[PDB]
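Here we start with a single chain on its own, the form solved without the partner chain, put down as C-alpha cells.
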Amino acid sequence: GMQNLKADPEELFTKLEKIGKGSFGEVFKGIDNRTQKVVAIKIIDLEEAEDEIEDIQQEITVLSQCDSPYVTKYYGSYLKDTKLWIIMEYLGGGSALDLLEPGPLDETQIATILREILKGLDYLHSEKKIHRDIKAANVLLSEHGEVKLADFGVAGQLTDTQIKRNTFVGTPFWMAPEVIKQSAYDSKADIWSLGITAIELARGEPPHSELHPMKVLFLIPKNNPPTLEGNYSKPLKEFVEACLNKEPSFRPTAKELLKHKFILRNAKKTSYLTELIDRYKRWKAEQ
C-alpha cells in the first residue's frame, strides 16, 4: 500500500514553522515550490513509534484514495531519514473547535458547518469509508469558510468481504454505542458522531464532557441517547435526535440529512463563515 511513496521532499517543498501537534507527530507549515501554495507537512518519526505504524499506514492509504473538496487534499508521502513526511493542503481558518473558543455559534453557522460535514460524509460513505473520529477538532476550515474533514488515522474501509468493521476506535464522547460494544458496525457510526458534533457546535462541548472517558464508555451504551437541551430551534433538536438513535439502522444516511429541515432552512453560503474566522483571529490576538 506504499506503492506511490516518494523521495527527496525538500526538492519540491520548503518546510516552514511548526503549526501544531498532529494526531501523529508534529505538523509544519510548508510551501509547494511548484505553485507557491501553502501546505501542511505532518512529520512522523518512524523510529520512535511502531505500534502506531499501522495507523500511519492507514492514514496515508485513505488520504491517497480521497479526491473531494470536502476532504483535506493529499499531495503525497515522502521518506527522509527515519522521518515520514505526509503532505496535505494547509487550511488557514483552523478547526471548528478552535472557532468555538471565543463564544457561541448561531444556528446559521451551525447549519452551514453541518451541511459541509455532511457533504464530506456523503463522499466518504459512497467510497465505503468510515471516518470514525468525527468531532469539531477534525473539521478544518479555509480562511474563507470552506469546510473539510481531516485526520484519517483511524478511518475504516469496507470491502466485498468486510461489510462491517468492529474495531474499538474513536474519541469516547463521540463514539457510537455499537462501536464501544465492538459490535459489527458501518457508516452509521459516523452519523451518531455527527449528532454528538451537532450538540458540540450548539453547546460548545459534547454530552458528558466533565466525566472521565472510561466512565462514558459504560454510560453511552447504557443511557438513553443524548438530546439537545436548551432554547434551540425544533428542527435543530430534531436533527440531533435523528442522528442519535441507539439502533444504527434507524439513523438517516448523510444524503438524507442533507435534506433535513434544519439544514435547508438555516444553511447559507460558506463565505459567511469568514466572520467566525475573523472572530477567532481577533480573540487569539488578545489572549
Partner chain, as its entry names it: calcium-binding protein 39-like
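Under this definition, the rigid core comprises the largest set of C-alpha atoms superposing within 1.5 Å between the forms. Positions refer to the first chain, counted from 1.
One more form of this protein, solved in complex with the partner chain, exists but is not displayed; see below.
> Tell me, which of 46, 242, 258, 27 has a heavy atom within 4.5 angstroms of the partner chain in the entry with it bound?
Of 46, 242, 258, 27, the residue with a heavy atom within 4.5 Å of the partner chain in the entry with it bound is 46.
> Could you work out which of 169, 79, 97, 217 is the residue within 4.5 angstroms of the partner chain in the entry with it bound, going by heavy atoms?
Residue within 4.5 Å of the partner: 79.
> Determine whether any heavy atom of residue 60 comes within 4.5 Å of a heavy atom of the partner chain in the entry with it bound, and answer yes or no.
Yes, residue 60 is a contact residue.
> Even though the partner isn't displayed, in the entry with it bound is residue 84 close enough to the partner chain, meaning a heavy atom within 4.5 Å?
Yes, residue 84 is a contact residue.
> Since only the chain is shown here, I'm wondering whether residue 50 would be in contact with the partner chain in the entry with it bound (any heavy atom pair within 4.5 Å).
Close contact exists here: in the entry with it bound, residue 50 approaches the partner chain to within 4.5 Å, heavy atoms only.
> Give a yes or no for residue 247: in the entry with it bound, does one of its heavy atoms lie within 4.5 Å of a heavy atom belonging to the partner chain?
Residue 247 lies outside the contact set for the partner chain.
> I need the one stretch from 173-181, 130-138, 69-77, 186-194 whose residues put non-hydrogen atoms within 4.5 angstroms of the partner chain in the entry with it bound.
Comparing against the partner chain in the entry with it bound, the contact stretch is 69-77.
> Only one of 140, 118, 71, 155 crosses a C-alpha shift of 2 angstroms between this form and the one not shown, counting 2 angstroms or more, core aligned. Which residue?
With the rigid core fitted, the residue that moves is 155.
> Once the core is superposed between this form and the one not shown, does residue 23 show a C-alpha displacement of at least 2 Å?
Comparing the forms between this form and the one not shown, which are aligned on their rigid core, residue 23 does shift its C-alpha by 2 Å or more.
> When the rigid core is used for the superposition, does residue 34 move between this form and the one not shown (threshold: C-alpha shift of 2 Å or more)?
After core superposition, the displacement of the residue 34 C-alpha between this form and the one not shown reaches the 2 Å mark, so yes.
> Is residue 258 among the residues whose Cα moves by 2 Å or more between this form and the one not shown after superposition of the rigid core?
No, its C-alpha moves less than 2 Å.
> Mind checking the CA-CA distance of residue 156 and residue 149 in the entry with it bound? It differs by 3 Å or more from this form, so is it closer or farther?
Residues separate in the entry with it bound, at least 3 Å farther apart.
> Quick one: with a 3 Å or larger change, is the residue 60 to residue 153 CA distance smaller or larger in the entry with it bound? Answer closer or farther.
Pair moves farther apart in the entry with it bound.
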